[PDB]
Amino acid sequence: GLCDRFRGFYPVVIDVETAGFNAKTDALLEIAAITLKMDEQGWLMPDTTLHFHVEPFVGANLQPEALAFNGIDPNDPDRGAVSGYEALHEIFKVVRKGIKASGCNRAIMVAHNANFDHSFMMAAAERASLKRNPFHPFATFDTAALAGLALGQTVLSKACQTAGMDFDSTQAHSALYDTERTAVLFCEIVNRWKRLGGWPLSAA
């Protein structure tokens, strides 16, 4: 029922960490993705988590303030960084598999302040000349907006807390932790709508 739930959209939770706000000039440094599934009773939950540290693309700009914010050291030899091509190709591939295996036709990014993460993902896919991009080129599910509606909060940490979730600022601004918190928040929001009887609308 996953692909029935959003009319053929295959929701994938994404978070990105970067070296600035400029998607065309600034480095992509980190990306995590979480696919989702629906059980038999129609509840939504995380499926698979992918996480990559990303090497600054050749000639990339880097803003000191962004690095201070996310705490990432690009030259950290223990970072285990790969190219944007390698990271995005594997994320795209897992998503592409999920799509045709579930009956959806396109993936849609779920993210907190999604246009930020979406813009960076698209720019990096463009740089890497990745031909097959399973993600919708402009549509997103912004959890900041979704949390505004459901919890009256637009800030991730506060939203999770109000949602009755754990949240540790110590770990924030890290792709893996942020993506996982976002996935649980999204699932909680969707599941809660179902519990309240908001879903389904009618027979079907």
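For every residue, the number given is its place in the sequence shown, counted from 1.
For the pair 175 to 183 and 142 to 150, the mean B factor over Cα atoms is greater in 175 to 183.
Legend: mean Cα B-factor per stretch from the PDB entry, 50 to 58 versus 156 to 164; the higher mean is in 156 to 164.
Per the PDB record, 76 has a higher Cα B-factor than any other of 76, 86, 117, 126. Across the residues 36, 27, 68, 33, the deposited record lists the maximum Cα B factor for 68. Placement of the Cα temperature factor of residue 91 within the chain: lowest third of the modelled residues, per the deposited record. Compared with the other modelled residues of the chain, the Cα B-factor recorded for residue 109 ranks in the lowest third. In the deposited entry, the Cα temperature factor of residue 82 places it in the lowest third of its chain's modelled residues.
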